[PDB]
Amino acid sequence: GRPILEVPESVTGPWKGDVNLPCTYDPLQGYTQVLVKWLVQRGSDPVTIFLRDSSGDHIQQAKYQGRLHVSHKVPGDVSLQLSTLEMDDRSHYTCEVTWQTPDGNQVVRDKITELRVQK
């Protein structure tokens, strides 16, 4: 009926290597993806680090520029790729997606994962 975001509880990636934080859903007829955001939990408050909208991709903090991508081309796959993982990258990440509904308004879903960085 309404789309369901799929994000695992935790992801573990190699220090100074790369990792994929999955965020996927089964696309439904009549649901149009209008926004994707990835946020990171710095403090008690999430801050946006990636935004995809009608004008494309926007990387919102300077330390991610050239490190952060959402590159899968499969519809419904908005997984986050972070290259050269740092200790500082250990945090909780939110994947948030906004769709237009068949009825003309919008619905939004989000899900939190914990990123662990392994030596």
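Position 1 is the first residue in the sequence shown; the rest follow in order.
Trainee: Look over 27 to 35 and 58 to 66 in the entry and identify the one with the greater average Cα temperature factor.
Mentor: Between 27 to 35 and 58 to 66, it is 27 to 35.
Trainee: Averaging only over Cα atoms, indicate whether 37 to 45 or 77 to 85 has the higher B-factor in the PDB entry.
Mentor: 37 to 45 has the higher mean C-alpha B-factor.
Trainee: What third of its chain's C-alpha B-factors does residue 103 belong to: lowest, middle or highest?
Mentor: According to the entry, residue 103 has a C-alpha B-factor in the chain's highest third.
Trainee: How does residue 72 rank on Cα B-factor within its chain, lowest, middle or highest third?
Mentor: Within its chain, residue 72 is a highest-third residue by C-alpha B-factor, going by the deposited values.
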